[PDB]
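Novice: sequence-free structure coming up:
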């Protein structure tokens, strides 16, 4: 056994943390994954470990999807109704400090 099952298993889950789609197993040295067209779901983020070199075994690439409530395709109520997305939070915990002896 040369391979020893060093592979990457890709899971496709929603923002609720449940796989809404069939998973895959990338046996390629370059585990390069792709998002799927899930009915009623949109890609929320691409996992920080979605693509790279298989350096370890039992690795999981998990894509997160936002649950789409209708396509906004009623045409009766306006057209583009979805709220904004501006990045809040983060860097509220940095810690870094350095006092100089001299």
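Specialist: Received the coordinates, thanks. Numbering: from 1, shown residues only.
Novice: now for the helix or strand harbouring residue 9, which elements pack on it?
Specialist: Take DSSP states H and E as the rule and residue 9 turns out to sit in strand 8-14. Under the contact criterion of 3 or more CB pairs under 8 Å, 6 or more residues apart in numbering; DSSP states H and E, strand 8-14 touches strand 19-26, strand 59-67. Where C-beta positions appear, they are placed from N, C-alpha and C, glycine not excepted.
Novice: partners of the first one in the sheet?
Specialist: Just to be clear, that refers to strand 19-26. strand 8-14 (antiparallel) (DSSP bridges).
Novice: what's the spacing between the residue nearest to residue 3 when sequence neighbours are not counted and residue 16?
Specialist: Spatial nearest neighbour of residue 3, chain neighbours left out: residue 27 (7.9 Å); criterion: CB to CB, 6 or more residues apart in numbering. To residue 16, residue 27 is 29 Å away according to CB to CB, to the nearest Å.
Novice: likewise residue 42?
Specialist: In terms of CB to CB, residue 42 sits 14 Å off from residue 16.
Novice: Neighbour count: these two, which is higher?
Specialist: Neighbour count, other CB atoms under 10 Å: between residue 42 and residue 16, residue 42 has more, with 12 against 9.
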